[PDB]
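Neighbour counts are summed over all protein chains in view; Cβ atoms, including those assigned to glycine, are modelled from backbone coordinates with ideal geometry. All of this is worked out from the model, or read from it or from the source named; these are not laboratory values.
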Ligand SMILES: O=C(O)c1cccnc1C(=O)O
Ligand SMILES: O=C(O)c1cccnc1C(=O)O
């Protein structure tokens, strides 16, 4: 699969585009470090060195965004000293990285730098706790397209650092056949045929609602099949008749302990939307030694 | 105060860009609705009628954002039907708005329009929860500069819709002097003083760690003073000694009930970042008929 390399490229091209904007909203439309009024109260060479410390256990994510924010503002002039990486388990009070550079800048860059990290890390921390219960199982967590507008790619990254796998990037890289769709084409068969013909190289998923609808999907050549409302028993039986090509995705947006039962049934994937549609930002701060 | 104007005028510009942002991440690069591949398997004319609905009581917010997704995908080819207005009581299973238009479109714009509403309405709903504990006092709830990257204004707007007040929108429209600044200036008096010399018109707020610095800055003429770390009693006596020009702000992301006791003291503003750094999307679905 290349989606990993497809994601990895897209975020690189997207990080500056977003960081640019985050700083723009803070500095009144323009990205000029001098626009910070309150910072003007310091002599333009007063050197400084702060430290960012997490105040709760979690998982780190957001390194690339940080480096970018200061780069935009005063590249080469602010040195960074990381203690952790984009996927590490962080402990309460553990200091995450230190900053070196002109006072004015650190103060301006503070908010935006922390805002990116609190978010991405908040999400990455949530994902892991979610993936923690699928241990000793051969089932995998997954994301959706229910993300905060703008942070699409970045959230898929944090989901990644959290320990989950990603789903289609959007409407472009994958087919998600549904009831409406199956009706328009006449059959599942005819549906996945016109699909595999529209754009040959993309994967096709057909949404099934019952065990029988699922057979017609298997034989159809659909590489992934999501089940909408099957109970522990039907899921278990479903898997049993699939095997090869058996790419089952359960939309298990539901409860914590239910997660365990689903995974238990050997179903390939469990997509959770709550992972990227809500954010409990990690508690962080920048102290000045 | 013109902040409302400055705000509503910024969003007026920010919305088309933000709708265009999410409409690109999902359509792999460009706002070309034809990019949705699964949509191609559908009859290019079959109109439909979709109804959005929330599964929970809260507050609405997002109309101009929704109105912009669909215009942007099919200028005047889709018709919306509004029941609630931005900042209105929403009721479990209440119909929010309807959609009349081509199904190929309604399907694509679905996810993007809904993410906006889920987020904004999610935030707005919880601000109402907060302002609702302030009935009786003269205390104004404020936001901070702790917002998810990109949605600075959208969240500042959603905050109004909930009942809260807007604190500055960036580093460029007011002074917020913390210990760090106070250090280089020499003292507190000297810092406020110096601030007034540079930018004569933009409001000046200084953060004070104790009573000596309180009246020390009060006499210097600042307009709002942030009381950092005051316990109940000290806050109460501070309210006292200020009286005139008593724009006393107390950043209190402390807790649901200790929040009341604070405002009780008769302090002016309580800025809670907890409102825009965390997102608990509102549960809505857009069902077909
Ligand atoms: O479109 C998707 O990728 C998707 C796939 C799995 C579950 N839901 C979604 C969604 O965004 O609603
Ligand atoms: O103006 C601010 O930046 C602000 C306003 C009051 C409280 N907090 C903040 C903050 O972002 O830390």
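Values as computed for the structure displayed
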read-out: Residue among B:148, B:198 that alone is more than 16 Å from ligand 1 (Cβ to nearest atom) and farther than 21 Å from residue B:12 by Cα; value: B:198
read-out: Which listed residue is under 30 Å from residue A:249 (Cβ atoms), assigned to a helix (DSSP H, G or I), more than 16 Å from ligand 1 (Cβ to nearest atom) and within 11 Å of chain B (Cβ to nearest Cβ), from A:108, A:112, A:119; value: A:119
read-out: Residue that is surrounded by fewer than 22 Cβ atoms within 10 Å (Cβ to Cβ), more than 24 Å from residue B:89 (Cα to Cα) and assigned by CATH to the domain that holds residue B:223, where the choices are B:183, B:177; value: B:183
read-out: Condition check for residue A:275: under 23 Å from residue A:134 (Cα atoms), within 14 Å of chain B (Cβ to nearest Cβ), within 16 Å of ligand 1 (Cβ to nearest atom) and crowded, with 20+ Cβ neighbours inside 10 Å; value: yes
read-out: Check on residue B:239, within 11 Å of another protein chain (Cβ to nearest Cβ) and either over 30 Å from residue A:282 (Cα atoms) or buried (at least 16 other Cβ atoms within 10 Å of the Cβ) (or both); value: no
read-out: Selected residue [under 23 Å from the mean Cα position of the chain (by Cα) and within 16 Å of ligand 1 (Cβ to nearest atom)] from B:282, B:248; value: B:282
read-out: Filter result (within 16 Å of the chain's Cα centre (by Cα), in a loop (DSSP other than H, G, I, E, B) and more than 7 Å from chain A (Cβ to nearest Cβ)) within the stretch B:156-195; value: B:163, B:164, B:166, B:167, B:168, B:169
read-out: Lone qualifier among A:73, A:23 - being at the interface with chain B (Cβ under 10 Å from one of its Cβ atoms), surrounded by 13 or more Cβ atoms within 10 Å (Cβ to Cβ) and in contact with a helix residue (DSSP H, G or I) (Cβ under 9 Å, 6 or more places away or on another chain); value: A:23
read-out: Residue match in the stretch A:125-142 (condition: more than 11 Å from chain B (Cβ to nearest Cβ), buried (at least 18 other Cβ atoms within 10 Å of the Cβ) and under 20 Å from residue B:37 (Cα atoms)); value: no
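Conditions (1) within 30 Å of residue A:91 (Cβ to Cβ); (2) under 22 Å from the mean Cα position of the chain (by Cα); (3) in contact (Cβ under 8 Å) with a residue 12 or more places away in the chain, marked per residue:
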{"site": "A:27", "(1), (2), (3)": "no, no, yes"}
{"site": "A:32", "(1), (2), (3)": "no, no, no"}
{"site": "A:37", "(1), (2), (3)": "no, no, no"}
{"site": "A:48", "(1), (2), (3)": "yes, no, yes"}
{"site": "A:53", "(1), (2), (3)": "yes, no, yes"}
{"site": "A:57", "(1), (2), (3)": "yes, yes, yes"}
{"site": "A:60", "(1), (2), (3)": "yes, yes, yes"}
{"site": "A:63", "(1), (2), (3)": "yes, yes, yes"}
{"site": "A:68", "(1), (2), (3)": "yes, yes, yes"}
